[PDB]
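Presented below is the structure to which this report refers.
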4 protein chains.
Amino acid sequence: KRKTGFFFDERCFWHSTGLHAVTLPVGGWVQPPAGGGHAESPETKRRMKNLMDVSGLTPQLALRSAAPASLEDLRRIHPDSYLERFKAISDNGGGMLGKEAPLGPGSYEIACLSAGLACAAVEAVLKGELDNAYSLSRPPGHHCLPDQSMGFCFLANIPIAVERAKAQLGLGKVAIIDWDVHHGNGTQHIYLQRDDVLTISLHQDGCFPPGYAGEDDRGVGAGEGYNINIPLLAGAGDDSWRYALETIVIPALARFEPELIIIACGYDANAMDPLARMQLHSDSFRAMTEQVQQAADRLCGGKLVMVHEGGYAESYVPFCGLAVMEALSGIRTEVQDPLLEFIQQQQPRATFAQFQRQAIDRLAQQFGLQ
Amino acid sequence: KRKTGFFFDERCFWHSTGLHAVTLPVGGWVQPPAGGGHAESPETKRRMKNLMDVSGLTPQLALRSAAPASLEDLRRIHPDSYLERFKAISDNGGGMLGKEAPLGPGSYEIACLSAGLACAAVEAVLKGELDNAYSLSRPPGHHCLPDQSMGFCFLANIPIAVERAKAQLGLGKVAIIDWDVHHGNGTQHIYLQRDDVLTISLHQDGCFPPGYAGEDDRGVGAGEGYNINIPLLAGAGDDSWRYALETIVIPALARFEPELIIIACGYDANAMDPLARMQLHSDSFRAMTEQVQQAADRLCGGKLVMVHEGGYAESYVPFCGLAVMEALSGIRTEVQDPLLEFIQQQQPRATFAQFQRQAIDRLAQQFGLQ
Amino acid sequence: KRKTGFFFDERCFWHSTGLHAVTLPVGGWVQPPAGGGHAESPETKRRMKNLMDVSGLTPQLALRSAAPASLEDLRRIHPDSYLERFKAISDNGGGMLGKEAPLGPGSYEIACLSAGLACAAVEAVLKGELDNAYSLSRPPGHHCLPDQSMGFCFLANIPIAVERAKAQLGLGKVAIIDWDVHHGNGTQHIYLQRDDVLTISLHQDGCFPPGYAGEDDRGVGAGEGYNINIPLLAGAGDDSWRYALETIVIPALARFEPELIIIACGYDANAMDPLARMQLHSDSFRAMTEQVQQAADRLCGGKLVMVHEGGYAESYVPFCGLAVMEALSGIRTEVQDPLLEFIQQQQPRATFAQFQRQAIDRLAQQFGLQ
Amino acid sequence: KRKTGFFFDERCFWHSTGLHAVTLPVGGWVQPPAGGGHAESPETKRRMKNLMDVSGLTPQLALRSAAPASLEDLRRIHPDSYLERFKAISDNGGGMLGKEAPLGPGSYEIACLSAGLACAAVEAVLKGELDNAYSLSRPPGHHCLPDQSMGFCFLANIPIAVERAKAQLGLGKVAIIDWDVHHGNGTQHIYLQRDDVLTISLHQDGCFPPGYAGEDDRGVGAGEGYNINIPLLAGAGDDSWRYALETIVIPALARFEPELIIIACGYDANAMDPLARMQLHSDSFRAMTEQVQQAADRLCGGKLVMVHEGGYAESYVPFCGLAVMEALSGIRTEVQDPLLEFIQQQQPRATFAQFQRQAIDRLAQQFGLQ
Ligand SMILES: CC(/C=C/C(=O)NO)=C\[C@@H](C)C(=O)c1ccc(N(C)C)cc1
Ligand SMILES: CC(/C=C/C(=O)NO)=C\[C@@H](C)C(=O)c1ccc(N(C)C)cc1
Ligand SMILES: CC(/C=C/C(=O)NO)=C\[C@@H](C)C(=O)c1ccc(N(C)C)cc1
Ligand SMILES: CC(/C=C/C(=O)NO)=C\[C@@H](C)C(=O)c1ccc(N(C)C)cc1
Ligand SMILES: [K+]
Ligand SMILES: [K+]
Ligand SMILES: [K+]
Ligand SMILES: [K+]
Ligand SMILES: [K+]
Ligand SMILES: [K+]
Ligand SMILES: [K+]
Ligand SMILES: [K+]
Ligand SMILES: [Zn+2]
Ligand SMILES: [Zn+2]
Ligand SMILES: [Zn+2]
Ligand SMILES: [Zn+2]
């Protein structure tokens, strides 16, 4: 029993993105969906929170909202030309922020809140008010570039919070581990030339951005050696993800000695996700959380923040999220994941598993960790 | 330009299955979905048909319905105790046909129609009225056992049609190739001891039934050598599926010399499916159709029937289906798959590809085809 | 058994309108809907067609599509400034055609088709190819003004067809009876000064446009006496609507002696509609169709066209539509409306009924028909 | 600024009812809905709560849950044969509690909670812990009979709470005013022979139960004069409902002198509801709440509890609910109902209004209040 913060706000569930057929834009040869048409849907996030409430976990956590991120907070990462364009589109009823970047009315102010929840989570943990913290930040941040929206992300949530903590709370070295199944291209870009932040991304080889693996992208100038990409094979499951973490990430954290670990916590590597091809189950996410909590215990006095990114499986993500929040709080509810055993049976056999283990061995050797 | 039959009936879209959160049954810790709750949804199938209509393809096909399969047709595969129980549940408003087998009111008569469309497709092609044919059979059939519903399947559609054509149309040897991403366990069971039907299943290793691969299950007694399972690795994409077909399936058809090829045609290996982890795109399905049409040209005077099975990606399956129907008819519409290039970029790199190629080489050697 | 045309096209179901919470625009204090968000939804229209197919009625009808209405057809009603603006918005991905007028990508070409179905229905009946005809025209037309979209209507479907038949088929006098529950303000405006068309609207007093009754709006100049508005009381049911028709509309048709009767056929006076407060059931719509078919038998050699307008009750409109198509074709299927008896029991008691009868008496006296 | 209790629990939103097309059961000629299929949907209730949160009202209220109603609580109203049957169906995965009474897995325990929220609301107000209180009780109660489920109601929520307060808190006379648009037949039956409770129902003449008005049903034996039914005319709006309240209900409360007023608070008389034909807007519900709060100020030291019943308009009910909670708390947020002015314009003209006023005059004279 740690004191665990859960930062959320009902207004984050109000952001919308127009009419899509799953995640395809309607029009041309894409027929409008007969029902639901939300690209980045609030339902997964709300269902996680709803399950935390009925399981009895929520009253045992420290619940918080936050003030939105200020214009000054945003300007540590983003230029005003981008910000002004995003706000213009938001203020005028929603629309497109260049192609494939759909937002809705009031999305600007809801993105600032999202980023503000991450800012406050980082601060509460840094000041010792909380041992650790989870931010239910929607819309997500990890694909966002300084001057370009991408992958449903409009502001760089984690970098905004980190930059703000560097300027106002004397934060030093920080490691950002991104286990959303997609590549954290926005985080990578922002800290590419910087040695005061270690950015690690585990992701499906080639998934999004499409065709990017990135094992050879290590950082530039002072930043060289401070960016790690682990492109796992599509189809990998629990054994592979946990081995990448044991074999690459924990050793890399040990070498870098951070003052704070931040997880970019997506659940879209879960076995039922339509936006990737990985095979994780809720125990996978429980075990990964355990491993990074333990690292944090060893390295930075238990200081761990998690910020929600992706996950599109509407009925399965809540179990994965509850599992994380259970591991992070050290409280186990009575909930039993009704798919766990089914997904355990689907996991890749030893041939694939050994092959992926070998690929991860080669990566750790390439990064000087073996 | 072949004369291509498309067998469908509006009533097949009326079958329902109760309230699910995606495919999880509601209750316990599964919250009811805020919108749509259909496990096996008509929308994918209807959207395929809708796209065939607006693209201008439908008027170029021979459209047909059928009479439902008779009780006598069904009794060539299923015992009366199963049939009577299914009909009882259907007649009484729907319910459960043992656990994980949900059906709705009138589902019995709609399953008989579904099976009847497959019966008529097979017959029209066998009697030379059509060169080839597609049946939009819902509910699906390939998981159904003689006395047990499974995987959303209630009657064994393809075996019913095949048994009926053996009894009434002098049908001899027939090959059934199942490229739904899941294992065709129902077909396998029914023809396991039989040498007059070759059952081939390509499927994701371990997906459904969960934990089953099956490479060593080859047939029993007279049936030995007449069942082929190809458990591809989760994550495999276009290169792998087409290589399994070139390297195992076409050679196996050449050895067996059928009078008719039947595809159990699922689209749930498409890259956006929540019910498996494969990475096929619409050109994948186009190329696989081409390869089996060409085989049929070489072996049985072009006689090819395809029967719809699975596929859960609501916005993507229609493009995969249109692609098949375009390849089967030899008519190319103006439709361009808006995801094709994106999914091509996501395909596994050469390391994985060569590894899966090697695994398929070993399988073909084990089955005496190399 | 008449020869009855049913004009429809799958592409009309592809028009979309963005994200609404029922019919409220999302944003501000309107939370995005957790599921379906279609203001003017294709589902009601598709469900009607689906029910006509499974009941066995569809094969007994003459099914037709049409060529879209040409630019020249549209310019008999609409100026180019409006048309160009509508097309611009459509061509650029959808948007707003002034406030409360939402459309989607490609809506222009789908509106032209909709209007084209009405054009062709009118022509087939006028040339004696069909005895009568129904057009499943979506999007609807009756609220559209020459230069302004309103009430989900973008082109004036019926006026376009009528103007075209006047220019190319020597059409003379025509009566347009609008029993959509809302006021046919677009039709009224277009023919207000004209004595060659009688426009009658039955509508809920004050519903839409909001606050408009219109009993005193009779026509202007040559058009005076050629426009009839019957503002029925909210809450009125079967007895009232059928009495308005017996007492006002049929006598008005007798006085005017048309060559063609066109019904603007909405079903949003049905007892389950969220967009008005009337209490009609499927037998109501059956009886109203009978009365106008009989009038047409007496006045213009049975020449009757019906064009779909409104109706938002997703589960109930199909029964109302099937009823109309049954009455118009003279074919009764086996379908029994499962709500009919329930809605019959809800109908207003004699106090209200006599009061509304008296109000209609006064209207007919004001219009010189009693 | 009163101290206002809001009693709610996330688990009440988890109750489900199977697959319906709006509120029609699927099967036969009712096609399954392509999206959402919830007869009694949690979305209206959740959206009200969500709007209370984003408007800033929620933190100003006293938020509470409750213990479920005990078996002993339930047995003051319901016999064990009914209870055991309801629980059996709930425990076995859901089903039907006789015809048209659909429930889902775990619905029993969720109905007990619902009733428990009402019990606790009544108690907090009676013991002076709160000035007034609202219970977001789902599933609803007012149609439920002792031994029969009806109108989506499974336990008699308000009678259970009232009977419990009579047995444990020395509660005397209580008035129950039911302004859900449907008849409160369950409440009426339970207190029909009793003079210690005044049951008043305003409802749409004939709506549900279908064909029931009830002006002549006044009570039986000791209960005679203690039951008042006001069957308003379908179509009535703000003026009519508020006049029925001024002219019948407040005078009837003055005569009876209660210790507690309980509102059975449905919102299904709102102008956009598909389950009735009334024309109320959010200011209607605000004004009705004001009038009964003021009565309570005059008669029972401000003691007022409201228990949620019906309301099916998903986008409009939240505004009606927020309005009530604003009037009950005495706190006005910044929210402005985006439909208010539109619905004000739709209201029936003076002819209808005077006619309904006269009908209400006659009712008050029949009940000895004029
Ligand atoms: C962006 C994303 C996930 C983000 C997230 O979860 N961030 O981590 C996934 C892909 C499948 C997607 O939705 C998409 C849609 C349309 C399209 N084209 C029209 C070319 C290309 C891609
Ligand atoms: C059956 C199937 C696909 C069939 C098809 O497409 N046939 O080819 C897929 C799986 C994901 C599924 O839906 C499921 C649901 C619940 C569950 N448990 C409650 C244990 C276990 C599995
Ligand atoms: C237009 C229409 C029906 C048309 C049709 O059926 N034509 O006959 C109905 C009304 C209820 C409507 O949807 C609406 C929505 C929003 C709004 N404001 C935001 C002020 C005002 C009105
Ligand atoms: C029960 C109710 C509202 C309750 C509520 O809001 N309580 O106050 C409304 C009616 C419209 C309904 O849904 C219905 C459905 C089916 C049916 N038959 C199949 C005959 C008859 C009626
Ligand atoms: K870095
Ligand atoms: K990642
Ligand atoms: K075999
Ligand atoms: K297969
Ligand atoms: K006129
Ligand atoms: K009208
Ligand atoms: K009483
Ligand atoms: K009532
Ligand atoms: Zn992601
Ligand atoms: Zn499958
Ligand atoms: Zn209308
Ligand atoms: Zn009600």
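In what follows, every chain begins at residue 1, and chains take the letters A, B, ... in the order their sequences are listed. Heavy atoms only: backbone and side chains are in, while hydrogens, waters and symmetry mates are out.
- For C/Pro338, the part lying near chain D is the side chain, with the backbone staying farther off; criterion is any non-hydrogen pair under 4.5 Å.
- Between chain D and the options C/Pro348, C/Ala34, C/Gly211, C/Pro274, the largest number of non-hydrogen pairs under 4.5 Å is found for C/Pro274.
- When all heavy atoms of D/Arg277 and C/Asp273 are compared, the closest pair comes out as NH2-O, 2.7 Å.
- When all heavy atoms are compared, the tightest approach of C/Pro32 to D/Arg47 is O-NH1, 3.1 Å.
- The two residues D/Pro33 and C/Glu314 make their nearest non-hydrogen contact at CB-OE2, 3.6 Å.
- Considering only heavy-atom pairs separated by less than 4.5 Å from chain D, the leading option among C/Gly36, C/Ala213, C/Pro210, C/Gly237 is C/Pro210.
- For C/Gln31, the parts sitting under 4.5 Å from any heavy atom of chain D are the backbone and the side chain alike.
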task: Applying side chain to side chain contact (heavy atoms under 4.5 Å, CB included), run through C/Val30 and D/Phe319 and close with a yes or a no.
output: CA-CA 9 Å; C/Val30 188; D/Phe319 289 103; 4.3 Å; yes

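- Looking at C/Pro42, there are no atoms closer than 4.5 Å to chain D (heavy atoms on both sides), in backbone or side chain.
- By the 4.5 Å heavy-atom criterion applied to side chains, D/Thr351 and C/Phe355 are counted as neighbours.
- Contacts of C/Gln356 with chain D are absent, with no heavy-atom separation under 4.5 Å from either backbone or side chain.
- Ranking C/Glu43, C/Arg349, C/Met272 against chain D, the residue ahead of the rest is C/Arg349, based on heavy-atom pairs under 4.5 Å.
- Within the 4.5 angstrom heavy-atom criterion, only backbone atoms of D/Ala271 (N, CA, C, O) approach chain C.
- The shortest heavy-atom contact between D/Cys207 and C/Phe342 is O-CZ, 3.9 Å.
- Listed here is the closest heavy atom pair of D/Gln279 and C/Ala234: NE2-CB, 3.3 Å.
- For a residue to count as touching a neighbouring chain, one of its non-hydrogen atoms must lie under 4.5 Å from one of that chain's; by this rule D/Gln344 does not touch chain C.
- Of the residues considered (D/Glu215, D/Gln347, D/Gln336), D/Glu215 shows the highest number of contacts with chain C, using heavy-atom pairs under 4.5 Å.
- When the candidates D/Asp337, D/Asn50, D/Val335, D/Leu233 are compared by the number of heavy-atom contacts under 4.5 Å with chain C, D/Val335 comes out ahead.
- Proximity to chain C is absent for every atom of D/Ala359, based on heavy atoms less than 4.5 angstrom apart.
- Within the 4.5 angstrom heavy-atom criterion, only backbone atoms of C/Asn270 (N, CA, C, O) approach chain D.
- Looking at D/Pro209, neither its backbone nor its side chain comes within 4.5 Å of chain C, counting heavy atoms on both sides.
- Contacts between C/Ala313 and chain D at a heavy-atom distance below 4.5 Å are absent for every atom of the residue.
- Scanning residues 19-29 of chain D against chain C with a 4.5 Å non-hydrogen threshold yields D/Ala21, D/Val22, D/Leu24, D/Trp29, sorted by number.
- The environment of C/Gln366 atom CD is dense: over 12 non-hydrogen atoms of other residues, nucleotides or ligands sit within 6.0 angstrom.
- Once rounded to the nearest 0.5 Å, the distance linking CG of D/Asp205 with CD of C/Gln346 reads 10.5 Å.
- Interface remark: D/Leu322 contributes no atoms to any contact with chain C (heavy atom separation under 4.5 Å).
- Contacts between C/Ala276 and chain D at a heavy-atom distance below 4.5 Å involve the backbone alone (N, CA, C, O).
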